[PDB]
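K.L.:
Just dropping in an experimental structure and the matching sequence.
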Amino acid sequence: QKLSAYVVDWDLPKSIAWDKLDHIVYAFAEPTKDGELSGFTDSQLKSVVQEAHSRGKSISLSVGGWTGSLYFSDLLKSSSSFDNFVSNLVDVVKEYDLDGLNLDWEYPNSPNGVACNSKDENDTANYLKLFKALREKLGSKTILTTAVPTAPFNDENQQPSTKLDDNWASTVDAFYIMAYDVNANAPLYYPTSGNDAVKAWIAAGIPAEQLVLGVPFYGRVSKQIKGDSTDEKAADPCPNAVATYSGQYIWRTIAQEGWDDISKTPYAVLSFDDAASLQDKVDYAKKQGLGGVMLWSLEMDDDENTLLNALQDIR
Ligand SMILES: [Mg+2]
Ligand SMILES: [Mg+2]
């Protein structure tokens, strides 16, 4: 899986450029307070799985996400909720014939992310309990990945773990660094960036070949002011939460509506990514011996696949 591409349940790519990618990550299934799965479309996940297998491609289900991380901590600290969650993850792998599961908790024991997310000092340890249990329960041929922040999972004082249980690196196949929404939106060099994140995760104990550099097909605008037509005002799943904008401009608005040396990204203020910066990220990933790259998200590209084409050197 040198090149993985996220697709979203609420806006699937009408047509997937299958031979231009290796791996589809389907977002999101949201864990409920009770360890159930929710939020994704049966028929749609079935159909995408069937198409991926027909095209000889692999597909994972992403569990969690920005508004799907409310109950990870609560679920994983307790016992039979942990077990119920593990069993339902095994069962969704059964049901949908999945090649992998991608765990996207944002974030273990963190003040960042959705404000009212459940958080506990033991979140990273129970998260690895979850991964060891999943590797247990699913077999060796199931792909276990996680979408990860720019720094190793927070410790029990809400600081990036300086060392990780190498049962991480031996249980989890790949770690997808979400090196975007940093501030540059997806800076390659920097107080963090893709390079700084790769350094931190390598120093924490995750080898480079199990690290996957995450790149965006969008940019963020600043003067939170509104982005383009897809930036709708939205509130987090917390009572009384203020609804806000993201500032998002997907690549398609940039393209149809017609440089920063330090971060190696383009500015317009709209900080975003084009074929040049994405090629720079690919060159970085190759020079560092990373496992590949992941992209968020596939539907944001244009008809002529500008951004997906600019990534082909990884594969
Ligand atoms: Mg169902
Ligand atoms: Mg996200």
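P.N.:
Looks like it arrived, so ask away. Numbering: from 1, shown residues only. Ligands and ions are numbered 1, 2, ... in the order given.
K.L.:
packing partners for the strand or helix carrying residue 94?
P.N.:
According to DSSP states H and E, residue 94 maps onto helix 80-96. Counting contacts by 3 or more C-beta pairs under 8 Å, 6 or more residues apart in numbering; DSSP states H and E, helix 80-96 is packed against strand 37-38, helix 42-54, strand 58-64, helix 72-77, strand 100-104, helix 123-138. Placement of C-beta: from N, CA and C, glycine included.
K.L.:
Show me the contact partners of that helix.
P.N.:
Applying C-beta atoms under 8 Å, 6 or more residues apart in numbering, the external contacts of helix 80-96 come out as 29, 31, 34-37, 45-46, 49, 61, 63, 74-76, 98, 101, 126, 129-130, 133-134, 137-138, 142.
K.L.:
which of those residues are buried?
P.N.:
29, 31, 35, 37, 45, 49, 61, 63, 74-76, 98, 101, 126, 129-130, 133-134, 138, 142 (16 or more other C-beta atoms under 10 Å).
K.L.:
for residue 294, what are its contacts?
P.N.:
Residue 294 is in contact with 3-6, 25, 147, 176, 212-215, counting by C-beta under 8 Å, 6+ apart.
K.L.:
Just the ones of these in strands?
P.N.:
Residues of the contacts of residue 294 located in strands (DSSP state E): 3-6, 25, 147, 176, 212-215.
K.L.:
pull the CA atoms of the helix holding residue 94 into PDB?
P.N.:
Taking C-alpha atoms only, helix 80-96 is exported to PDB below (Å, rounded to 0.1, in the frame of the first residue of the first chain):
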ATOM      1  CA  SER A  80     -16.500  -5.500  28.500                       C
ATOM      2  CA  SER A  81     -16.900  -2.300  26.500                       C
ATOM      3  CA  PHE A  82     -13.400  -2.800  25.300                       C
ATOM      4  CA  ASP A  83     -14.300  -6.400  24.500                       C
ATOM      5  CA  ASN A  84     -17.600  -5.400  22.800                       C
ATOM      6  CA  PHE A  85     -15.700  -2.900  20.700                       C
ATOM      7  CA  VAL A  86     -13.100  -5.500  19.700                       C
ATOM      8  CA  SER A  87     -15.700  -8.000  18.800                       C
ATOM      9  CA  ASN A  88     -17.700  -5.500  16.700                       C
ATOM     10  CA  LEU A  89     -14.500  -4.600  14.800                       C
ATOM     11  CA  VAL A  90     -13.800  -8.200  14.100                       C
ATOM     12  CA  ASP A  91     -17.400  -8.600  13.000                       C
ATOM     13  CA  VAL A  92     -17.300  -5.700  10.600                       C
ATOM     14  CA  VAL A  93     -14.100  -7.200   9.100                       C
ATOM     15  CA  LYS A  94     -16.100 -10.400   8.700                       C
ATOM     16  CA  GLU A  95     -19.300  -8.800   7.300                       C
ATOM     17  CA  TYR A  96     -17.700  -6.500   4.800                       C
END
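K.L.:
And the strands in the stretch 101-250 of the chain?
P.N.:
143-148, 174-177, 211-216, 218-221, 248-250 (DSSP state E, counting those that start in this stretch).
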